[PDB]
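Peer 1: Provided hereafter are the protein sequence and its experimental coordinates.
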Amino acid sequence: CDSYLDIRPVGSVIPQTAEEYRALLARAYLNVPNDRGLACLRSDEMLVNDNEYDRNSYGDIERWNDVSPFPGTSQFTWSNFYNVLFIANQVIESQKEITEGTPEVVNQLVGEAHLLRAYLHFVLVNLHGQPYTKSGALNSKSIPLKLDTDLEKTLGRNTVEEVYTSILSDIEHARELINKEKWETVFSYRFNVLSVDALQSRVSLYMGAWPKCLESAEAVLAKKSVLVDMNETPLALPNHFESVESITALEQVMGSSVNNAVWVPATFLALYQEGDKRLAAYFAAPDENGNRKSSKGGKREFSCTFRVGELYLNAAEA
Amino acid sequence: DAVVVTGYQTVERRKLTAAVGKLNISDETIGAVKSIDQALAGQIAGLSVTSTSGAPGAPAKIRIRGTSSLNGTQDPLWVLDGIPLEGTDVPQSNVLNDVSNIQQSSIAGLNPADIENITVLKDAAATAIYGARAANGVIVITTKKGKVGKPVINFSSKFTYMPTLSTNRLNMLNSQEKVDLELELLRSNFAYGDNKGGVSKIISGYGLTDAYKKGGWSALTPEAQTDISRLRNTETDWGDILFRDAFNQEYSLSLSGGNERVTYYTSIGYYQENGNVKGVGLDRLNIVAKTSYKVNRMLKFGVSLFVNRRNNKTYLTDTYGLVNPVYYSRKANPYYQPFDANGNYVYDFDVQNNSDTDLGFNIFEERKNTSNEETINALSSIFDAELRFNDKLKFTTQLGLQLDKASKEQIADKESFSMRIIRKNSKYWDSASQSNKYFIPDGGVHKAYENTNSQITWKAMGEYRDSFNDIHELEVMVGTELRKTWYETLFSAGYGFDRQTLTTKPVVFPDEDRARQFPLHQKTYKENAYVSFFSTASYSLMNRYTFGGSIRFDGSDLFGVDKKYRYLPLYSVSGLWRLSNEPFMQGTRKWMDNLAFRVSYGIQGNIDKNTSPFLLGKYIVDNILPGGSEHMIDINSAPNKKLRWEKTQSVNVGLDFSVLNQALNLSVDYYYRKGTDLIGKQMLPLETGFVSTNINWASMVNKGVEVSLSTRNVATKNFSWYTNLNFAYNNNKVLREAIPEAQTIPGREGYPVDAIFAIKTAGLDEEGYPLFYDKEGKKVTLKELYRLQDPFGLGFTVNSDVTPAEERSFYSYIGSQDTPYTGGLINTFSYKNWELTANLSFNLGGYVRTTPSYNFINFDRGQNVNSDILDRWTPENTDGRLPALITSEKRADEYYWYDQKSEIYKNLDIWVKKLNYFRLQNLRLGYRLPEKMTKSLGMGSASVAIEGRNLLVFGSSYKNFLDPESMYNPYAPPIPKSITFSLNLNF
Amino acid sequence: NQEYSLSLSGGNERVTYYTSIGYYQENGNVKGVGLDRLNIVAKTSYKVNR
Amino acid sequence: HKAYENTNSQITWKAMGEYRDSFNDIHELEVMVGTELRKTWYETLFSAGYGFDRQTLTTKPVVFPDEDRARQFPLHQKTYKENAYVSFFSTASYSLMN
């Protein structure tokens, strides 16, 4: 004499409210991998220490020793990318099942999930996929696209063109759904209206679509354009989340271990001119070989995914 | 009979295309049993019944055509008068002492004196109308109902004598050889439990431990010598202290009858049963009240009520059974007297398995300061309504309500070992004062459990039967069913409890982690709802060909919401062909009564109720940016939106043969059941958010044959005997299963769910260490087998390069615990007024891994041991077969590898033993009083009987054990033997 | 509020029987309070003998 | 979360023997003699859990400052009562001339 088979479990937390889905998405935001710093380890701007217990982790990354790395070398977090992608996809698939929330709040939750998915696919395809501008790379299989929450499916690698098409589609989906112009400073990791434009500008810059890159950079620059004047303040880092330059303080690019285990080579520092506030604000005092430790990261307060300084250069290059 | 009941509709025997087993429940077939699941052993071919315990009220493990799931419902479905029963599942546990805390099934509340038949649905053609609950088999219960006529009043009284449990098969060391072993160990370098024992406490008290070690018996003072010789001559009968014979009572009164319009049945039963362990017992009082009214020539309404009340009294033990009287029979020292010469308590401080001697145990103090009491109140009501629209169309609806409330109460007083161990486990270290304290307050503990299982099921069916041209018969049924189930438990604990004052004391837990080690109040709740749509069809042509089919659509809240799998059918197609009713074979009709071939194919389902389609998470207060903290949800379980039932694709080919006026019936059934989409843990690709999840992926196969032979050997005016041989062979294999990377025992893939893998040993070497085999077949020691390396030379610093995937190859498959060959022989003789029933049941082909008689590293000399310790290798007995007691003084690397890998010794092939036993389940002799004597006393009928239960077991040897199926769990009493006298009167 | 009752009685020269099923749901004037009762009655009487 | 469980049980057994006679058509006598044994149980259990999450069904520990405040907020209490009654009764009635 009973039906309506829809009784949920009463032993755990099953997210149904907009508050619970925001908690789930915040947990997803927490686990965004710090793999862009590990990738920049392969560039000319970082130098691992000369001691052991630090060469075994990052040396093979530094030397591009892909074929025969050390067993204990630091690995790229492929699992965390797809965990955050799973949670983003869950929030996307729950659009109409989110209760106890106004249409604007739910729409912004889904837009943040869309932009998180686009950003994760973007950084993943730039880590493990051939560059878009490279000839013969638009049809090379780079990474699988996590576009659902399926568990009994094996994902195959998508071509770079398909991945970038998905990224652009998700940016467009988020553009019509994020409706928060500014977030609190403590909550600033969440994507704001300008985050969509900043991500579009970066994606178009990486793709080579200069007109769209300039359009997006100017669109965000019409609202947020104030920079950090370090001639007035010679010790203020734009990388700081409290800065007026920050747009999304999501990704702490340099982890504690990675920051503590790298110097800045003198060859890179030679790019700075004599009068430059970045020369002293970013790094510490020289050493025996002129190598400087960087004070621009390594702790969670230097969290930054997008900011105005990057968009100025995006517009300039476009 | 010519009717088969499936719980949904009635099938004529000539139209039955399914594999169905049938048993008639009566005193002559079923012996003086008290549960209807203990009466099924050896009487249905393909239904294997195993005893969980010998304790009163303990459930039985029933498997129909093998095991059908790896992690799911493995128990059959019990159907009472068309309404499925809840609470009949037998939960499995890894802790061997949990067998002492098992929960009774609802089947225990049903008097077999009220059941008429038991029909077991084995095939896909028989079970596929149950959909998601069909894979494990269905046992449908038909209850007795009143017959049209004068009231029939049956009184039955049974008086049972249960002989005491004789612990002579346990092969324990008597006081003389126990003291001899303790003296021999005190002289050697074996140093474990050196502080434990009675010899080492007598000698250490006077201070000649070193004097005895160097000198021996001579170096011992006359006073200590007289103390030891007094120890040797102290003999205690622990079987008499712990166990006893019992007298059990059973009474039943039934009154049936009927009108042309109303049929009625009433029954009252009460039994009291005692266990062989002193202080345990179980009484059951039940009432049955059935009635059926013909409201009209079309409408018929019936109400059936079964109310039940069972009271169980027993002992509570530790979590790991150091108090357990059944295990204590193998553990108590033969020279330890529980009482002083002045009548005071003497404590056993060697109960703990470690070297600690601080908490003392007394069985007389435990039976006085400790109590476990449970009460089960059960109700089951079925309302049936039937409406005959035509002579062809008929609509029948049914509502079944079921309630089962179990209230348990465990009390441990301050002066008991249970409370002592509970207090000891509360030891904690406080930083405020550098010391160790106990947060559990001084006093007792009172624990209260309340578990309620409720169910409401509603079924509606519409059946249409037609015949065309006298040679076509069509039966079509269409139904719906809604079933909701609740399970709610509450547990409460109070420490500082005074038994007489009923007061309590506060507990200050140091952490929230210790607050869960000693839970004070917890509540669990579970709801489930199920919606099903049916259809059955049957078409018979020329009374010779029958084609049947079943379709069922099942939906539940335990399944995912994906549209791809939501409503998938659970169908069946079957066909009967009666070769006997064929015009080309009518010549062989003077001697052949029946030839028929059944072929069935179907899809069965199973529900795993421990898995959910929902995002189960937890709240964590973390922070992404400095200064901003918020609640976040961490995913504990993945949201499987494709969660579904577990498929079982099965085929069945059966032969029915009957010759010489049913002088010999044969029924063979070969079946193959391939189960796929089984729910289990899978190592998923990382492209989903998770490393592993429980999903529908695994596979199993159960393939076999069942044979039922029924012979009428002689039929004379006076003497007549019949034989029933039931046989079944089943082959179980796990086809796909995920094995953890860090698991060294091999997986079951290609082997039964109950597979036993053991490390085959080449015997013993010249020093008494076990000897192994390598891949070349050469007798290899543990150092060579594991390639042990000790670079530091300190002994305990030993290491091995052998990977888990390579340790997996050291194990070889022995056999399955689940016995492949099962069945029984039932002989029934009758001679005038005398009737003799002999029921024998065989389980052949199994293996059981028994716990080692003694550990060669951790042997506790403060506890009693088998005589197997006398067969061990010693320097004085160099031809001993069992491994010697080893020390770290010699071969330190091997000793400390055996020490950390404690499962190498426990998985040796010498502790695995065969399981081939025949058991005399029942031997009954009856006598019906002559009609003259019954008429003299005004009795419609009278009968007496003497029954013997479990009087004889033979087969493979079970040495050092009390029962062939007591070889796995030492914490459960063996199946009792009984001699019962029954008096039945028919007024 | 709802109430339903179904009773079936009868008798023989030797057995008299009564059965009854009732169910009511009642609500209180205060919002959120209510009480339902479901009950069964099953009486039977047999003349085993004169 | 507060949980109460109150159980009231009773078992009563009565036996009576009645004798009815009439004499001379004007005397009627009815005599009844009986015994009764009745036993009653009343058992209550109360349990309380603070820190309770309704959806998670979890609980949090309570540290009472004293034993007096541990009774102001009882966490687990049990009450039990048995009673037994034995009765022997008789009735008589005598009617004359209706």
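Peer 2: That came in fine, so what should we check first? Numbering: from 1, shown residues only, chains lettered A, B, ... in the order given.

Peer 1: starting at the chain centroid, how far to the longest helix anywhere in chain A?
Peer 2: Assignment by DSSP state H gives helix A:103-128 as the longest helix of chain A. A distance of 10 Å separates the centroid of the chain from that of helix A:103-128, by Cα atoms, centre = their mean, to the nearest Å.

Peer 1: ok, that helix near chain B or not?
Peer 2: No: Helix A:103-128 stays out of contact with chain B when judged by Cβ under 8 Å from any Cβ of the partner chain, the minimum separation being 10.8 Å. Heads up, the C-betas are built off the backbone N, CA and C, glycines and all.

Peer 1: give the pairing partners of the next helix or strand after that helix; include direction for each.
Peer 2: Using DSSP states H and E, the helix or strand that follows helix A:103-128 in sequence is strand A:141-143. Partners of strand A:141-143 in the sheet, by DSSP bridges, are strand A:158-159 (antiparallel).

Peer 1: now the stretch 151-300 of chain B against chain D: closest residue?
Peer 2: Nearest residue of the stretch 151-300 of chain B to chain D: residue B:285, at 10.4 Å (Cβ to the nearest Cβ).

Peer 1: can I assume that residue is in contact with residue B:269?
Peer 2: Yes: if you go by Cβ atoms under 8 Å, residue B:285 and residue B:269 touch, sitting 7.2 Å apart.

Peer 1: of those two, who's got more company?
Peer 2: residue B:269 (22 against 15; other Cβ atoms under 10 Å in any protein chain shown).

Peer 1: parallel or antiparallel, list what pairs with the strand or helix carrying the more buried one.
Peer 2: Using DSSP H and E, residue B:269 sits in strand B:262-274. Here strand B:262-274 is paired, per DSSP bridges, with strand B:246-258 (antiparallel), strand B:281-293 (antiparallel).

Peer 1: up against chain B, what does the stretch 51-200 of chain A have?
Peer 2: A:78-79, A:82-87, A:90, A:144, A:146, A:149-155, A:184-189.

Peer 1: are any of those residues buried, and which?
Peer 2: Among these, those buried by neighbour count (16 or more other Cβ atoms under 10 Å in any protein chain shown) are A:78-79, A:82-87, A:90, A:144, A:146, A:149-151, A:155, A:186, A:188-189.

Peer 1: up against chain D, what does the stretch 1-150 of chain A have?
Peer 2: Within the stretch 1-150 of chain A, the positions near chain D by Cβ under 8 Å from any Cβ are A:10-14.

Peer 1: wait, what's in contact with whatever residue of the stretch 801-950 of chain B ends up closest to chain D?
Peer 2: Nearest to chain D in the stretch 801-950 of chain B, going by Cβ to the nearest Cβ, is residue B:938, at a distance of 22.1 Å. Contacts for residue B:938 (Cβ atoms under 8 Å, 6 or more residues apart in numbering or on different chains) come out as B:987, C:49.

Peer 1: doesn't it fall inside a helix?
Peer 2: No: per DSSP: H, G, I helix; E, B strand; the rest coil, residue B:938 lies outside any helix segment and is coil.

Peer 1: wait, residue B:162 touches residue B:973, no?
Peer 2: No: shown here, residue B:162 and residue B:973 do not form a contact pair, counting by Cβ under 8 Å, at 11.1 Å.

Peer 1: who has more neighbours, those two?
Peer 2: A count of neighbours by other Cβ under 10 Å puts residue B:973 above the other of residue B:162 and residue B:973, at 26 against 22.

Peer 1: ok, for that one, nearest residue in space, not its chain neighbours?
Peer 2: Using Cβ to Cβ, 6 or more residues apart in numbering or on different chains and skipping the chain neighbours, the partner closest in space to residue B:973 is residue B:54 (4.2 Å).

Peer 1: with residue B:449 instead?
Peer 2: residue B:408 (4.0 Å).

Peer 1: could you report the separation of the one you found from chain A?
Peer 2: According to Cβ to the nearest Cβ, to the nearest Å, residue B:408 and chain A sit 22 Å apart.

Peer 1: with residue B:658 instead?
Peer 2: Distance, residue B:658 to chain A, by Cβ to the nearest Cβ: 45 Å.

Peer 1: how about the contacts made by that residue?
Peer 2: B:592-595, B:664-666.

Peer 1: residue B:623: which of the residues you listed is nearest?
Peer 2: Checking the contacts of residue B:658 against residue B:623 with Cβ to Cβ, the nearest one is residue B:666 at 75.4 Å.

Peer 1: for chain D, what's the nearest residue on the stretch 101-250 of chain A?
Peer 2: In the stretch 101-250 of chain A, the residue that lies nearest chain D is residue A:101 (17.5 Å; Cβ to the nearest Cβ).

Peer 1: looking at the buried ones among the residues of the stretch 51-200 of chain A next to chain B, which are in helices?
Peer 2: With DSSP H as the criterion, helices contain A:78-79, A:82-87, A:90 from among these.

Peer 1: nearest spatial neighbour of the one residue in chain A that gets nearest to chain C, skipping sequence neighbours?
Peer 2: Residue nearest to chain C within chain A: residue A:1 (10.6 Å; Cβ to the nearest Cβ). Leaving aside its chain neighbours, residue A:1 sits nearest to residue B:458 (4.7 Å; criterion: Cβ to Cβ, 6+ apart).

Peer 1: what is the burial count for the one you found?
Peer 2: Neighbourhood size, residue B:458 [other Cβ under 10 Å]: 19.

Peer 1: tell me what it is bridged to.
Peer 2: With DSSP bridges as the rule, residue B:458 is bridged to residue B:399, residue B:482.

Peer 1: isn't it right up against residue B:385?
Peer 2: No: counting by Cβ under 8 Å, residue B:458 stays clear of residue B:385, with 11.1 Å between them.

Peer 1: what sits in contact with each of those two?
Peer 2: B:397-398.

Peer 1: neighbours of the residue in the stretch 751-900 of chain B that chain C sits nearest to, how many?
Peer 2: Chain C sits closest to residue B:833 of the stretch 751-900 of chain B, with a gap of 25.5 Å, by Cβ to the nearest Cβ. Per other Cβ under 10 Å, the neighbour tally for residue B:833 reads 13.

Peer 1: quick check: closest non-adjacent residue to it.
Peer 2: Closest to residue B:833 by Cβ to Cβ, 6+ apart is residue B:928, at 4.9 Å.

Peer 1: that neighbour reaches residue B:945, doesn't it?
Peer 2: No: using Cβ under 8 Å, residue B:928 is not in contact with residue B:945, being 9.6 Å away.

Peer 1: taking chain B, what residue is nearest to chain A?
Peer 2: Residue of chain B nearest chain A, by Cβ to the nearest Cβ: residue B:628 (2.5 Å).

Peer 1: that residue contacts residue A:186, doesn't it?
Peer 2: Yes: the criterion here is Cβ under 8 Å, and residue B:628 meets it with residue A:186 at 2.5 Å.

Peer 1: among the strands paired with strand B:262-274, which is nearest residue B:474?
Peer 2: When these are compared by Cβ to Cβ, strand B:281-293 sits nearest residue B:474, at 28.3 Å.

Peer 1: what is the subsequent helix or strand relative to the closest one?
Peer 2: Where DSSP H and E defines the elements, the next helix or strand beyond strand B:281-293 is strand B:299-314.

Peer 1: shared neighbours, residue B:162 and residue B:973?
Peer 2: Each of residue B:276 lies in contact with both residue B:162 and residue B:973 under the rule Cβ under 8 Å, 6+ apart.

Peer 1: list, one by one, the residues from the stretch 651-800 of chain B near chain A.
Peer 2: Counting by Cβ under 8 Å from any Cβ, the stretch 651-800 of chain B comes close to chain A at B:684-691, B:693, B:695-697.

Peer 1: residue B:614 sits in which helix or strand?
Peer 2: For residue B:614, there is no helix or strand it lies in under DSSP H and E.

Peer 1: test my guess that it contacts residue A:9.
Peer 2: Yes: shown here, residue B:614 and residue A:9 form a contact pair, counting by Cβ under 8 Å, at 5.6 Å.

Peer 1: check contacts around the closest residue in space to residue B:858 that isn't next to it in sequence.
Peer 2: Nearest residue to residue B:858, sequence neighbours excluded (Cβ to Cβ, 6+ apart): residue B:192, at 6.0 Å. By Cβ under 8 Å, 6+ apart, residue B:192 lies in contact with B:355, B:857-861.
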